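Start at 1 and go down the list; that is how both ligands and their atoms are numbered. Numbering of residues begins at 1 and proceeds along the displayed sequence.
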Amino acid sequence: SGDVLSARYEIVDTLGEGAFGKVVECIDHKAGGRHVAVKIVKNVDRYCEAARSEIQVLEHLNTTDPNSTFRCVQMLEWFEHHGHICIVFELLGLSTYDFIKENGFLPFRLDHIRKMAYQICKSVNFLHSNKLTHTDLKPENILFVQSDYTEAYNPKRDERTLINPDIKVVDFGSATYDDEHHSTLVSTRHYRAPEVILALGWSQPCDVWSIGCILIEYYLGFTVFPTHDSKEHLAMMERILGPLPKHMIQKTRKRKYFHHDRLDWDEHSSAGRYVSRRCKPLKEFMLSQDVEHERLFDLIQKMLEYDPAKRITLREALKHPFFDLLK
Ligand SMILES: Cn1cc(-c2cncnc2N)c2ccc(Cl)c(Cl)c21
């Protein structure tokens, strides 16, 4: 840091670390000290290739949507330095995860959620049109355009509030075209779809599951899947949404998870009781039974349909009642 790359970008600060490497903030000395973000990919095969893929994906999408009408991050250039791939991006604000966290996990206000959601659904339906599936949607990969605030007070402390809740989607290193190889395991665990967990094959619907999981988190301020074990994650889905359908059970080869034709889960085990305590039927999560909240929850529920063929598409989701107050 103070390190110069490409003889124009001076690292000032670190914005993010990760599997792939890091994202830093740089001053661009040839663009009148204006500021950008640079992703510095680890010098490691699987990350260079995800980065190579990210770049091809993002050139296609810059070609198709040069003005980020569909809210993907804009890549400005790429180069190499000490055999790290380096991707220059427009400078964004905080992730939606970082923002919530830095508010003490105070959920987002429903008006901001409606909007943020609409943008995320717009962005990813645009990928789904170009035969891409993101595979790793989560609040860490949805970032505010800038995250500026008002230090307003409240009697249930000094929270920050969103003037402008515009988002972009980031992280296209895992985005998979329909005609390409599909990795066996995608998504971060808490945002991962049952078809992925059961190894049924996946495609575009898996992103919709993830989106459902994100909206729940924006609303609750915490995850409804607080787990790192696959079977328990399934037991949690059941407690929140009812039994898995027979034909998904019949079709999976993850036999380990099942006894006779039912999840091999003892509800009265220690793990059983942890699930019963942290998880309950979806709608019992609602903090008010007014009309708007019933609509969010009708959507979420549709995004959390077990059967990927039956699950709502983002085409359909973009015409959900929940989205009216926007026009
Ligand atoms: C802080 N930050 C993190 C990423 C990022 C990259 N890849 C995978 N997950 C991520 N979160 C990222 C991508 C573009 C931009 Cl402009 C910023 Cl400011 C970014």
Side-chain angles (χ1 to χ4, degrees), residues 1 5-6 8-28 31 34-44 46-62 65-68 70-79 81 84-102 116 119-120 123-124 127 132-149 162 164-176 183 186-192 207 210-211 213-214 217-218:
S1 180
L5 332 157
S6 212
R8 67 193 285 165
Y9 296 116
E10 188 178 299
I11 295 176
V12 308
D13 183 56
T14 285
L15 311 177
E17 263 106 11
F20 61 76
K22 57 184 182 163
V23 184
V24 299
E25 200 181 304
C26 300
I27 291 179
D28 176 348
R34 180 76 213 94
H35 283 211
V36 301
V38 184
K39 179 175 184 175
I40 296 184
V41 180
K42 273 170 204 157
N43 203 342
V44 178
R46 72 187 165 292
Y47 301 118
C48 308
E49 285 290 319
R52 263 191 267 284
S53 199
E54 176 164 42
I55 298 164
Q56 313 162 27
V57 164
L58 286 171
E59 286 163 356
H60 299 317
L61 296 174
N62 294 149
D65 177 16
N67 300 153
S68 182
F70 292 108
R71 299 213 129 276
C72 298
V73 56
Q74 255 150 4
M75 165 173 72
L76 298 179
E77 79 167 291
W78 64 281
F79 56 84
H81 157 87
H84 300 261
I85 286 182
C86 290
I87 309 174
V88 189
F89 292 113
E90 55 178 324
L91 183 60
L92 298 180
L94 269 11
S95 79
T96 69
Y97 180 74
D98 283 1
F99 190 92
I100 274 195
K101 184 174 177 187
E102 294 171 23
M116 283 159 76
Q119 288 171 19
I120 290 161
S123 173
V124 185
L127 302 174
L132 285 152
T133 296
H134 189 290
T135 76
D136 197 29
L137 288 165
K138 61 186 166 171
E140 302 83 337
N141 283 343
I142 311 300
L143 273 53
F144 291 115
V145 168
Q146 7 69 0
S147 33
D148 321 301
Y149 61 42
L162 273 182
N164 173 223
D166 281 339
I167 61 91
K168 300 216 174 163
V169 179
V170 310
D171 185 28
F172 290 85
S174 278
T176 299
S183 317
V186 294
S187 313
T188 301
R189 197 185 284 276
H190 296 173
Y191 312 91
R192 186 185 288 160
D207 269 341
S210 308
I211 298 165
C213 293
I214 293 178
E217 280 159 29
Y218 287 172

> Among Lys22, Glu140, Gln74, which one has a heavy atom closest to atom 11 (N) of ligand 1?
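It is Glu140 that holds the nearest heavy atom.
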> So is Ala37 in contact with ligand 1, going by heavy-atom distances below 4.0 Å?
yes
> With under 30° as parallel and over 60° as perpendicular, where do the rings of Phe99 and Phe144 fit, or are they tilted in between?
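Geometry flag for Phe144 against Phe99: perpendicular rings.
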> For atom 13 (C) of ligand 1, which protein heavy atom lies nearest, and how many Å away is it?
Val170 CB, 3.9 Å
> Select one of side chain, backbone, both or neither to describe which atoms of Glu90 lie under 4.0 Å from any atom of ligand 1, heavy atoms only.
backbone
> Starting from atom 7 (N) of ligand 1, which protein heavy atom do you reach first, and at what distance in Å?
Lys39 NZ, 3.1 Å
> What is the minimum heavy-atom distance between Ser123 and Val169, and which atoms define it?
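Where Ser123 meets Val169 most closely, the heavy atoms are OG-CG2, 3.2 Å.
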> I need the atoms of ligand 1 closer than 4.0 Å to a non-hydrogen atom of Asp171, numbered in the order shown.
7 (N), 8 (C), 9 (N)
> Going by an N to O cut-off under 4.0 Å, is there a salt bridge joining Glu49 and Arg46?
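No.
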> Hey, is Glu54 one of the residues with a heavy atom under 4.0 angstrom from ligand 1?
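Checking ligand 1 against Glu54, which is what was asked, there is no heavy-atom contact under 4.0 Å.
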> Quiz question: by atom type and distance under 3.5 Å, do the side chains of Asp136 and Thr188 form a donor-acceptor pair?
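Side chains of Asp136 and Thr188: pair found under 3.5 Å.
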> Taking atom types as modelled, find out whether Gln119 and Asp166 have a side-chain donor-acceptor pair closer than 3.5 angstrom.
yes
> Which one holds for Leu15 and ligand 1: side chain close, backbone close, both close, or neither close, with close meaning a heavy atom under 4.0 Å?
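The part of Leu15 near ligand 1 is both the backbone and the side chain.
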> Using the rule side-chain contact (heavy atoms from CB on, under 4.5 Å), only one of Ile55, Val88, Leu58 pairs with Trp78; which is it?
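That would be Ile55.
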> Can you pull out the closest protein heavy atom to atom 3 (C) of ligand 1? Residue, atom name and distance to 0.1 Å, please.
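Result for atom 3 (C) of ligand 1: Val23 CG2, 3.8 Å.
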> Ignoring hydrogens, what is the shortest heavy-atom contact between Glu54 and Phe172? Give both atom names and the distance.
OE2-N, 2.9 Å
> Kindly identify the option in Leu143, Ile142, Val169 whose heavy atom sits closest to atom 19 (C) of ligand 1.
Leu143
> Which heavy atom of the protein is the closest neighbour of atom 14 (C) of ligand 1, given with residue, atom name and distance?
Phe89 CD1, 3.9 Å
> Looking only at distances, please establish whether an N/O atom of ligand 1 is found under 3.5 Å from an N/O atom of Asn141.
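There is such a contact, yes.
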> If we ignore angles and hydrogens, is there a donor and acceptor under 3.5 Å between the side chains of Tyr97 and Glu217?
no
